[PDB]
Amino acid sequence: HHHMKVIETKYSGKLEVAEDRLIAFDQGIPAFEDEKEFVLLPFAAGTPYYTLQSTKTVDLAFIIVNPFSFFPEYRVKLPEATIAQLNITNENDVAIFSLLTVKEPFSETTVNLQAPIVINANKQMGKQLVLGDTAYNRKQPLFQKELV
């Protein structure tokens, strides 16, 4: 047997998703604290683009990137509390994503490097982690490799 769920998505209509892809956000996301479950929808293998889609609110879907594909010097320090919270035990567990603010033209799109999405897919746990002590920019130009 399998465990599949039909999910209404913002950009792709209804998709069938394995249940083990359903990520619990026990604390939701800041300003969306009641949104306790999301699914990661990648664009295409080998690309750094994704959407983080609410499994309960079709119109809530964050366009995100793997920032490490765009910004060579970007690093994320995970606090112990975040590690506990997401049941992380090892480096390979962890996926980092960053929210786009998509602009017209697309070349002006920015990336929030202060507040990454952190997902432990293995344990189906996620959160948005707000970095306080950093000099990262909440509006880093997506197409400027060098950090502001």
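So that there is no doubt, residue numbering starts at 1 and follows the sequence shown.
Higher mean CA temperature factor between 54 to 62 and 87 to 95: 87 to 95, per the PDB entry. The question of which stretch, 131 to 139 or 14 to 22, has the higher mean Cα B factor is settled in favour of 131 to 139. Among all modelled residues in this chain, the alpha-carbon of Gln27 has a temperature factor (C-alpha) in the middle third. Ranked by C-alpha B-factor against the other modelled residues of its chain, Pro48 falls in the lowest third. Remark: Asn120 belongs to the middle third of its chain, ranked by C-alpha B-factor as recorded. The PDB entry assigns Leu113 a C-alpha temperature factor belonging to the lowest third of its chain's modelled residues. Among all modelled residues in its chain, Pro105 ranks in the highest third by Cα B-factor.
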